[PDB]
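Got an experimental structure here, sequence first:
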Amino acid sequence: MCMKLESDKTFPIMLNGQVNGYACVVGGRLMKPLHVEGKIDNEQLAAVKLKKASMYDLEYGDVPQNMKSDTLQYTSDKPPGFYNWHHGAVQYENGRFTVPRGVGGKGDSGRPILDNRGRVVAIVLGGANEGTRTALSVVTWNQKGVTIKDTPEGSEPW
Amino acid sequence: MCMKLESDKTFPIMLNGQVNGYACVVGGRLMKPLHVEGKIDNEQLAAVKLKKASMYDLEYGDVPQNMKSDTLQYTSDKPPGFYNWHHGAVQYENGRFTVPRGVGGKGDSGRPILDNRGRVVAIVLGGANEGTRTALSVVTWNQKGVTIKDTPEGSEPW
Amino acid sequence: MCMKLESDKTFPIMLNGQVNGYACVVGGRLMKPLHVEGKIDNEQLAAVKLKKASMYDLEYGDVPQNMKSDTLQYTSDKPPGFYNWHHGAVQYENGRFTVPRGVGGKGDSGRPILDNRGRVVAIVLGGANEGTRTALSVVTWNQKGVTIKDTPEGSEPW
Amino acid sequence: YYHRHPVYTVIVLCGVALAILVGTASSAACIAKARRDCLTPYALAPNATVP
């Protein structure tokens, strides 16, 4: 479901040893985490100039010609409920994103969170262990459509 | 037919994001157009030094080891019409290579026109839509066997 | 048995033209021949530093974090005869290595020899030439465990 | 001796400094070569026991 949609749109970054975090392309814009180091696998968009957004911990840039088949449209409309995910299922209860306990780990910190109809609503950066059903820090959009962060507690950024 | 015949011999030229032309292996010669800009694929046939022509709008070189597979005989023995092609069938009525409407776009400025016996006859370069049916500016071989250019009026490279 | 175990363990070296040698990961160390030139694949393992042992005609280095499942332990114990091999079967009669004539050749410098239990016993670097049973110049390990270089007369390194 | 003959003594002391520098460098080179060629038989074989 979500893996099929995220395939050939989500491009992993290797530190020249192994993968250390994916990079997303949303709205005709590449963006990767600040803390993720290394070059990306797809060489066409590996040479694009990337602007820092260190308040949001993301490098962002414009894709050259991949406007379709890498669109991956985002909407800020986030009704409460369940959302599909690369690993499992996530929920938006009480204005926050929580994953199950053991899922999530180092090198897996660029993964988008999609909707039921395949719209990204969230970009994962890190997370904290709030008992069972751990929450995770994430870059989202508010009601007006302005990018915000959600960094709960001492979320260790993987 | 010709689609399988010219396969693994018609090597495409990259525009660094897509394909903007084709390159041919004819008589040990790596023939690619000059107006087609970018980098040729592979590494066996990419690291060689090519020599410009600028009168025929081609560039040529040599292959180091691929002579066993660099098998595309050029032939000027050419009855007038009914020749195969990458996309369809080309006609040489009235001494001019002719194609139906529409077919032929960017990324298709370097592929050979084959014979009925798998022999390269023409290397397409551009075209013009006028007269009774559209015509092609193309590098071929004359009756004596010397390299010749045939170009319509207003024949911009498609 | 041998083909399955040597898969994803024998890492080809490319001189940017073709495979021209194999580099082997044994005992927690990478080793490759000196006389082979080019770039090892597996770019994770291509970035490690290799120090030269010119006595044994090798470059060896510490492997990356992949300790487990990539050991491929060596055996100093050498019962005579009937050892498996990548291109077939080798023999250990009279303290030497013999293969049927015609196997091996240029581009196959560095493949390992495995025992019946799959443990590596020898890493070749070249070969001599007897009329029927071709000999192999090889890096092995002595009965005390110290590494030794068994080279017959007229060993062509290829 | 420098007040007696300056050039002769400065070239003798330069020769002594050059001799001790070349001697130390060559001794270090042979020591490093010996260590290299005695540890490469045992660096390539981890399971072996160094005497």
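Perfect, I can see it now. Residues are numbered from 1 along each chain as shown, chains lettered A, B, ... in the order given.

and the next element down the chain from the longest strand along chain A?
Identified as the longest strand of chain A according to DSSP state E is strand A:19-26. On the C-terminal side of strand A:19-26, the closest following helix or strand by DSSP states H and E is strand A:29-33.

What is that next one packed up against?
Counting contacts by 3 or more C-beta pairs under 8 Å, 6 or more residues apart in numbering or on different chains; DSSP states H and E, strand A:29-33 packs against strand A:19-26, strand A:58-62. (Each C-beta comes from the backbone N, C-alpha and C, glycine too.)

Leaving aside the residues adjacent along the chain, what's closest to residue A:16?
The shortest distance from residue A:16 to any non-neighbouring residue, by C-beta to C-beta, 6 or more residues apart in numbering or on different chains, is to residue C:47 (5.5 Å).

Relative to residue A:15, how far out is the one you found?
From residue C:47 across to residue A:15, the span is 10 Å (C-beta to C-beta, to the nearest Å).

The two: who's more crowded?
For the pair residue C:47 and residue A:15, the greater number of neighbours falls to residue A:15 (15 against 12), based on other C-beta atoms under 10 Å in any protein chain shown.

How many neighbouring residues does the nearest residue to that one once chain neighbours are set aside have?
Spatial nearest neighbour of residue A:15, excluding adjacent residues (C-beta to C-beta, 6+ apart): residue A:38 at 3.9 Å. Number of residues near residue A:38 (other C-beta under 10 Å) recorded here: 16.

and residue A:38, what is it in contact with?
When contacts are counted by C-beta atoms under 8 Å, 6 or more residues apart in numbering or on different chains, residue A:38 touches A:13-16, A:20.

what are the ranges of the helices in the chain?
No chain was given, so I picked chain A. Remark: helices assigned in chain A by DSSP state H are A:2-6.

You answered for a different chain; I wanted chain D.
So, for chain D - with DSSP H - the helices run D:6-43.

which residue does it bring closest to chain B?
residue D:44 (32.9 Å; C-beta to the nearest C-beta).

ok, how many other residues are close to that residue?
23.

if I pick it, what's in contact with it?
By C-beta under 8 Å, 6+ apart, the contact set of residue D:44 is C:29, C:31, C:53, C:56, C:58, C:60, C:139, C:147.

how about the residues you listed in TSV, adding neighbour count?
TSV is the format used below for the contacts of residue D:44 (neighbours: other C-beta atoms under 10 Å in any protein chain shown):
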residue	neighbour count
C:29	18
C:31	22
C:53	22
C:56	20
C:58	27
C:60	20
C:139	23
C:147	24
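
Tell me the bridge partners for the spatially most central residue of chain A.
A centroid search over chain A (C-alpha atoms, centre = their mean) returns residue A:123, at 2.5 Å, as the residue closest to the centre. Note on residue A:123: beta-bridge partners by DSSP bridges are residue A:112, residue A:139.

Check the one 4 residues further on too.
According to DSSP bridges, the residues that bridge with residue A:127 are residue A:156.

Do I have it right that it meets residue A:133?
No. With contact defined as C-beta atoms under 8 Å, residue A:127 does not reach residue A:133; the gap is 11.3 Å.

More neighbours: those two, which one.
When residue A:127 and residue A:133 are compared for neighbours, residue A:127 comes out ahead with 25 against 13, by other C-beta under 10 Å.

coming back round to it: compute the distance between the residue of chain D closest to chain B and residue C:44, please.
Counting by C-beta to C-beta, the gap from residue D:44 to residue C:44 is 22 Å.

if we can go back for a sec, for ChimeraX, what selects the buried ones among the contacts of residue A:38?
This is the ChimeraX syntax for the buried subset of those, where burial follows 16 or more other C-beta atoms under 10 Å in any protein chain shown:
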select /A:13,14,20
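
Name the nearest of the contacts of residue A:38 relative to chain D.
The shortest gap between chain D and any of the contacts of residue A:38 belongs to residue A:16, at 25.3 Å (C-beta to the nearest C-beta).

which residue does chain A bring closest to chain C?
Counting by C-beta to the nearest C-beta, chain A gets nearest chain C through residue A:17, at 4.7 Å.

is it true that that residue touches residue C:64?
Yes. Using C-beta under 8 Å, residue A:17 is in contact with residue C:64, at 6.0 Å.

quick one: common contacting residues for these two?
Joint contacts of residue A:17 and residue C:64 (C-beta under 8 Å, 6+ apart) are residue C:44.

ok, so what distance separates the residue of chain A positioned farthest from its centre from residue A:113?
What lies farthest from the middle of chain A is residue A:131; by C-alpha atoms, centre = their mean that is 22.7 Å. Going from residue A:131 to residue A:113 by C-beta to C-beta gives 21 Å.

got it, and residue A:30?
The gap separating residue A:30 from residue A:113 is 18 Å, by C-beta to C-beta.

Spell out which parts of chain A neighbour chain C.
Within reach of chain C by C-beta under 8 Å from any C-beta of the partner chain, chain A has these residues: A:14, A:16-18.

State the pair within the residues you listed that is farthest apart.
The span of these, defined through C-beta to C-beta, is set by A:16 and A:18 at 8.7 Å.

Overlap of the contact sets of these two?
Contact criterion C-beta under 8 Å, 6+ apart; residues shared by residue A:16 and residue A:18: residue C:44.

Check which residues of stretch A:78-86 are buried.
Using 16+ other C-beta under 10 Å as the test for burial, stretch A:78-86 gives A:78, A:83-86.

ok, which of those also contact chain D?
The overlap between those and the neighbours of chain D (C-beta under 8 Å from any C-beta) is empty.

out of the residues you listed, which one sits closest to residue A:5?
Looking across the buried residues of stretch A:78-86 and measuring by C-beta to C-beta, the closest to residue A:5 is residue A:84, at 8.5 Å.

so how many other residues sit close to the residue nearest to that closest one when sequence neighbours are not counted?
Ranked by C-beta to C-beta, 6+ apart and with sequence neighbours excluded, the top spatial neighbour of residue A:84 is residue A:2, at 3.9 Å. Other residues lying near residue A:2 total 21 when counted by other C-beta under 10 Å.

and what of the one 3 residues further on?
Residues contacting residue A:5 under the criterion other C-beta under 10 Å number 18.

residue contacts, it?
Residue A:5 sits in contact with A:72, A:114, A:118, where contact means C-beta under 8 Å, 6+ apart.

Make CSV out of the helices and strands packed on strand A:29-33 and add distance to residue C:108.
Below are those laid out as CSV (distance: least, C-beta to C-beta, whole Å):
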stretch, distance to residue C:108
strand A:19-26, 32
strand A:58-62, 45
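
and those strands, which is most packed in?
Of these, the one with the most neighbours on average (mean count of other C-beta atoms under 10 Å in any protein chain shown) is strand A:19-26, at a mean of 22.

If you count contacts, what does it end up packed against?
Secondary-structure packing of strand A:19-26 (3+ C-beta pairs under 8 Å, 6+ apart): strand A:11-14, strand A:29-33.

Contacts for stretch A:81-93, please.
Counting by C-beta under 8 Å, 6+ apart, A:1-3, A:6, A:10, A:78-80, A:97-100, A:103-104, A:111-116, A:121-122 sit against stretch A:81-93.
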